[PDB]
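Notes follow the structure.
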Amino acid sequence: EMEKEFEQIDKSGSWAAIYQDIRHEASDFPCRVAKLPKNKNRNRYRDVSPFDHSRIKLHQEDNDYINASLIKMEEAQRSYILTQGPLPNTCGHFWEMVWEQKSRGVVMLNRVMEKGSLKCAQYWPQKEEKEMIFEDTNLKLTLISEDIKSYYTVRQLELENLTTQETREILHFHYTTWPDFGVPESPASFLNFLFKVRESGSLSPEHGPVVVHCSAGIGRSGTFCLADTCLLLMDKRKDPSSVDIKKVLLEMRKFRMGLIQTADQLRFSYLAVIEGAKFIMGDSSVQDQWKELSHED
Ligand SMILES: O=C1C=C(c2cccc(O)c2)S(=O)(=O)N1
Ligand SMILES: [Mg+2]
């Protein structure tokens, strides 16, 4: 059981060892397409690639490659697409992927600039009157509105397939206070944000998989998805004790390498799930408490 395990690990001060064991046991599958010469400029980081078996293929005969993986959680019955922060030449591909996969939401866990360098291209419009056109994939993107909170912003975007003139509403959830290789300010802030995403319908089965990204699409993104899946699993049978967090993380790592980048992100993942469990088990008022403690206003 996670809370007792949490205490055992904290007491023995062995998060580093627990975390390293997960890395040792993590799946290793080929990433041949990602490593092809023609795709070198479609990858942000040399050591972070999508496995071939779970990579998202763009529906174009040209080059179907994008650094994105489909994490399909069978038991939990939820899917997520984890991808890297778009590069200046892959913003059209990113939106092509959102369209073809029928995604309703995009969860961004990083800032365009972190630690003095560019971690992601400005792939969405910052002003209503300045829409963006991705000519390579023939897609149009317009900012419809935005709701800025203290540590996250929610934007409503309109994505249009210029070929058919079909349009869709895309919700953008931008967590702005999560440091690279770091952890959220508190389980509260993180949980308040995850539940904001959930309440929007973006994670629902009627839509395609939500697109989740940070800079590499494995650390913060992994932490976000692990927490969500674990909470959904204990929701399925109202049995928090049946959920094995390490087991769930290992299952997710069969779909994309390096999910959860530090021992403290793993430790934070446990904290988020244990605190989130109060809501799952019937204490509805805890959601208001998180909102309060997160200081979003
Ligand atoms: O906490 C993190 C660390 C990342 C990271 C960034 C660059 C290389 C890498 O291996 C991990 S992320 O953008 O996937 N989230
Ligand atoms: Mg204005």
Side-chain angles (χ1 to χ4, degrees), residues 15-16 19-20 22-23 26-28 31 34-35 40 42-51 54-56 66-69 71 80-87 90 94 106-132 141-148 151-153 155-158 173-185 189-190 193-194 210-228 249 252-253 255-272:
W15 283 100
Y19 178 61
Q20 284 305 324
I22 286 163
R23 298 187 61 245
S27 304
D28 195 12
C31 301
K35 296 298 191 178
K40 213 309 185 300
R42 294 186 173 210
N43 294 310
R44 178 174 289 283
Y45 299 109
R46 203 180 65 170
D47 57 349
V48 180
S49 304
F51 298 134
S54 53
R55 72 184 185 94
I56 297 292
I66 181 173
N67 191 315
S69 308
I71 289 37
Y80 316 82
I81 286 176
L82 274 59
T83 189
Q84 64 183 18
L87 294 159
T90 70
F94 174 91
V106 167
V107 176
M108 168 164 191
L109 306 174
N110 67 289
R111 282 178 305 132
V112 165
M113 184 179 271
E114 304 183 316
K115 297 177 172 173
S117 49
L118 299 180
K119 301 304 184 182
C120 180
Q122 186 48 62
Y123 65 89
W124 72 94
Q126 299 179 283
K127 298 187 181 180
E128 284 87 341
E129 72 276 16
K130 298 295 272 184
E131 74 282 355
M132 294 173 78
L141 184 62
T142 306
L143 171 63
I144 297 306
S145 78
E146 62 173 62
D147 178 26
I148 305 186
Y151 68 104
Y152 76 86
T153 293
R155 310 184 181 79
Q156 177 184 1
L157 311 171
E158 174 169 302
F173 296 89
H174 190 181
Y175 198 111
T176 58
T177 57
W178 200 333
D180 191 14
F181 286 91
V183 292
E185 205 154 308
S189 333
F190 169 82
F193 176 82
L194 166 64
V210 62
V211 175
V212 187
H213 84 84
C214 33
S215 194
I218 57 180
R220 293 166 282 179
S221 293
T223 302
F224 182 83
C225 296
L226 178 62
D228 186 53
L249 178 48
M252 294 190 153
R253 273 181 180 230
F255 301 93
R256 189 171 177 81
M257 63 172 66
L259 302 186
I260 302 287
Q261 281 289 285
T262 69
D264 198 52
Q265 283 181 344
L266 177 62
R267 180 179 186 280
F268 181 81
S269 292
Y270 272 70
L271 289 175

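We count residues from 1, following the sequence as given. Each ligand, and each atom within it, is numbered from 1 in the order the structure gives.
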Next item on the list: Begin from the C-alpha positions of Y80 and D228 and carry the test side chain to side chain donor-acceptor pair (under 3.5 Å) through to its verdict.
Entry: CA-CA 10 Å; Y80 316 82; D228 186 53; 2.7 Å; yes
Next item on the list: Start with the C-alpha distance between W15 and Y270, add both sets of side-chain angles, then the distance that settles ring pair (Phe, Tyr, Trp, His ring centres under 6.0 Å), and finish with yes or no.
Entry: CA-CA 11 Å; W15 283 100; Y270 272 70; 5.0 Å; yes
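Scanning for side-chain contact (heavy atoms from CB on, under 4.5 Å) contacts around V183 gives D264, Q265, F268, with sequence neighbours left out. Residues passing the salt bridge (charged side-chain N to carboxylate O under 4.0 Å, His left out) test with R220 are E114, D180, sequence neighbours excluded.
Each of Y45, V48, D180, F181, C214, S215, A216, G217, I218, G219, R220, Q261, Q265 has a non-hydrogen atom positioned under 4.0 Å from some atom of ligand 1.
The 12-atom threshold is not exceeded at CD of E185, counting heavy atoms of other residues, nucleotides or ligands nearer than 6.0 Å.
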For residues 120-128, which side-chain N or O atoms pair as donor and acceptor with protein atoms under 3.5 Å away, sequence neighbours left out?
from	atom 1	to	atom 2	distance (Å)
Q122	NE2	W124	O	3.0
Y123	OH	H172	NE2	2.8
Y123	OH	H213	NE2	2.6

